[PDB]
Number of protein chains: 2
Amino acid sequence: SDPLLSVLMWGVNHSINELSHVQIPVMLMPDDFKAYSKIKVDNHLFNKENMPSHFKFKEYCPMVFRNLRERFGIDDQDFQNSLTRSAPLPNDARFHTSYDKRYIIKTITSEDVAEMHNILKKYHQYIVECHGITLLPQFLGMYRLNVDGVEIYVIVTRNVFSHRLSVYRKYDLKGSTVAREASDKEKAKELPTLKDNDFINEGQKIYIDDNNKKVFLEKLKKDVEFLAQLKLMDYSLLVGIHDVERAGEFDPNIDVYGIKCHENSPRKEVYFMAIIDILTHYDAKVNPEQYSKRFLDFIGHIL
Amino acid sequence: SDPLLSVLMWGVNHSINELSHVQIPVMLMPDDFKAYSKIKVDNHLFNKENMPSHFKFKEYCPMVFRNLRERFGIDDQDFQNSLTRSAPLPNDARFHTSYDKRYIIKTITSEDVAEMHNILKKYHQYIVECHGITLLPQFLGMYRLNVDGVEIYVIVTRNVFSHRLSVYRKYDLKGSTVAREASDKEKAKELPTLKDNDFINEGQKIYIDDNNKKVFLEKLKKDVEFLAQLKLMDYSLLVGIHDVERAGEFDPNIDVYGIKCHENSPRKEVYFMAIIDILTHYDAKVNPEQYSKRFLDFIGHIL
Ligand SMILES: CC[C@@H]1C(=O)N(C)c2cnc(Nc3ccc(C(=O)N[C@H]4CC[C@@H](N5CCN(CC6CC6)CC5)CC4)cc3OC)nc2N1C(C)C
Ligand SMILES: CC[C@@H]1C(=O)N(C)c2cnc(Nc3ccc(C(=O)N[C@H]4CC[C@@H](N5CCN(CC6CC6)CC5)CC4)cc3OC)nc2N1C(C)C
């Protein structure tokens, strides 16, 4: 097994257990956005079967993230179970998904962590204002893991895709001026990741009613403008299509990004659409304000 | 509340939780007697209501002590509950007792801890040999607590007295040549601690049948000789009398040191008798081999 994974599981278990003893108030204080809990474990000639002997686990702003979970309709006991009852599964930036497919666990940089801290309060207030109804990533936990030498940072989000319904096609859309296209090595996977021109070449249509579309684009408008005002760019719309005829009703309380196709759709389809990859990443590298309108226009045209 | 007490409770809770994930083998390995687990917690602007912000908890030889609990008929979940569901109560060396009166928690020195480590394996093997039937202290856990500056060591033992039945009179007997007597300041308490000459002056009798006496003294003989061979001295026989007429059947599976009075006893009495205070303590200060026979003779005469 992966020792970083077992520290993550141990840590989330420890985190949620600790919070079960902490009183939940309705409001956050400015200090909650600067808070953390740190635990350092040293086992000498003990418990080698389960845990590395020397590890650290640090949770950033535990009260804020608990408040976010609640606002996103997520119970702490359930969150704990999803992350701990069985190991998260790998995919290959690399990521894991909880065994029940409800949550995504992504390894991030210390720079991403700094950026998340920078936006956390404004992010929180935005979620308050929209009552948790948003196409933004739903940030549920943020941690630092140390296992004798190696140090990693992780963030946990709600899965954009369904926890039951399988996805047969997936798009990552930015709407950029610079040409975007998938590679053939990716094509060879069971579920590849297609891009802008794949969509605007294979004549992909999304069959949703005018009401669903209006609601979606209203939501997208606000989300994107919030991202713009934080000077964030290079995020994508993730789009996943579930084909009912191959594998089809979903729970909107769990698969919160799902939209049914309208009645005249050529095939029985369910769409899963959300914004992803919102943090900067100074390892990769035209302005944020331009990026947003450009992103908003493209999604307008394709839908 | 007492922050050292809440670290103890947190630590025992954490300890038992961790062990619930560790496989129980039938046997201990030599390394289990050198093992420990260390956890250091640092909370910044978080969880001030329950815990100090900076503390450490260290458990010595967790596998050995788990094995001892099992051998003493104690379930880990029950032990955990007894120590954590409500705070232990103070008494004033000073000690606490678990809320349900099942366990004693005593603060000890780093010297006592060194001595316990020194005897732990031999102690364990002795308990194996007698199948847990002994008048020795039943050692159940040993810990180190740190709360920002202060460092303390604690050991947990089974209560010599009953967890239901009240005790109206208590003796601490060593059988020493040097005169031993209680003080008047102690007398003024609801339940004082009387000594050798109080017994051998107030004409105290213990009314148990010849079978119970023989069994007791056989047990005492072996226990004391084991203590002698470890070069330990200055331990006492603790004696507590429960008066049924004032407050009377006990569970021998819980109140393991209880002995009913015989049928011709002037009053309905239950006795609780065990050895206590077996470690050296180099702060207090004629040889161990002499001490034992001298202790064994006195208990022979008074019973
Ligand atoms: C965290 C950052 C960001 C973000 O901000 N949010 C909010 C977010 C939210 N949700 C997701 N979900 C997924 C994104 C992408 C995929 C995918 O294409 N995965 C492929 C690779 C592995 C492939 N494997 C799976 C097991 N298969 C074995 C089968 C036989 C049993 C064999 C084939 C399946 C297809 C799947 C997702 O769900 C599992 N991603 C997010 N991102 C992503 C950029 C990582
Ligand atoms: C750990 C070291 C060693 C050892 O090795 N083993 C194995 C061991 C095992 N068991 C005990 N038990 C007790 C020893 C002694 C006493 C006592 O005289 N206590 C007095 C002081 C407090 C008094 N308070 C109680 C609350 N009261 C309030 C009432 C109104 C509600 C008011 C009066 C009650 C009488 C009580 C014990 O049980 C609670 N002691 C041990 N020792 C002792 C030397 C500490």
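Sequence lines set the chain letters: A, B, ... in the order given, protein chains first and strands last, and positions in each chain run from 1.
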* Hey, mind stepping through A:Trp10 and B:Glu18 against side chain to side chain contact (heavy atoms under 4.5 Å, CB included) and telling me if it holds? -> CA-CA 10 Å; A:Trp10 181 95; B:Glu18 288 302 287; 3.1 Å; yes
* With B:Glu70 via side-chain contact (heavy atoms from CB on, under 4.5 Å) - residues at least two apart -> B:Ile24, B:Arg66
* To do: Go through the steps to decide whether B:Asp32 and A:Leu45 satisfy the test side chain to side chain contact (heavy atoms under 4.5 Å, CB included), and finish with yes or no.
  => CA-CA 7 Å; B:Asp32 291 319; A:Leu45 308 166; over 6 Å; no
* Taking the side chain as every heavy atom from C-beta outward, state whether A:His21 and B:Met51 have any atom pair closer than 4.5 Å. => no
* Asked: Are any non-hydrogen side-chain atoms of B:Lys38 and A:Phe46 less than 4.5 angstrom apart?
  -> no
* With sequence neighbours left out, write down each residue that passes ring pair (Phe, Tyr, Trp, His ring centres under 6.0 Å) with A:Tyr143, or none if nothing qualifies. => A:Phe57
* Asked: What is the minimum heavy-atom distance between B:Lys34 and A:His44, and which atoms define it?
  -> O-CD2, 3.5 Å
